[PDB]
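Notes for the one structure printed next.
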Amino acid sequence: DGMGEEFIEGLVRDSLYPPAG
């Protein structure tokens, strides 16, 4: 994702929640 604090978004950093639905 970029701006978050969940976990490494594959190849970025602490993601947030891109997938929802």
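Residue names in the structure tokens use chain letters A, B, ... in the order shown, residue numbers from 1 in each chain, and ligand numbers from 1 in the order shown.
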Task: Who sits within 10 Å of residue 11 in chain A, only C-alpha atoms, same chain under 4 positions skipped, as a PyMOL selection string - done: chain A and resi 1-2+15
Near-residue 6 in chain A list (8 Å; only C-alpha atoms; drop same-chain fewer than 2 positions) as a PDB file with N, CA and C atoms, in the first residue's frame:
```pdb
ATOM      1  N   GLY A   4       0.487   2.935   5.807  1.00  0.00           N
ATOM      2  CA  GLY A   4      -0.232   2.083   6.735  1.00  0.00           C
ATOM      3  C   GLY A   4       0.670   1.511   7.810  1.00  0.00           C
ATOM      4  N   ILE A   8       4.429  -5.687   5.623  1.00  0.00           N
ATOM      5  CA  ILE A   8       5.081  -5.460   4.335  1.00  0.00           C
ATOM      6  C   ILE A   8       4.137  -5.758   3.172  1.00  0.00           C
ATOM      7  N   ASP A  14       4.860  -1.638   5.909  1.00  0.00           N
ATOM      8  CA  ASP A  14       3.664  -1.878   6.707  1.00  0.00           C
ATOM      9  C   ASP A  14       2.427  -1.300   6.023  1.00  0.00           C
ATOM     10  N   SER A  15       1.754  -2.138   5.244  1.00  0.00           N
ATOM     11  CA  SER A  15       0.554  -1.729   4.521  1.00  0.00           C
ATOM     12  C   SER A  15      -0.548  -1.303   5.485  1.00  0.00           C
ATOM     13  N   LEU A  16      -1.760  -1.143   4.961  1.00  0.00           N
ATOM     14  CA  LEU A  16      -2.898  -0.742   5.781  1.00  0.00           C
ATOM     15  C   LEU A  16      -4.057  -1.721   5.616  1.00  0.00           C
ATOM     16  N   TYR A  17      -4.695  -1.690   4.449  1.00  0.00           N
ATOM     17  CA  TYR A  17      -5.816  -2.582   4.171  1.00  0.00           C
ATOM     18  C   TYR A  17      -6.337  -2.391   2.746  1.00  0.00           C
TER      19      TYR A  17
END
```
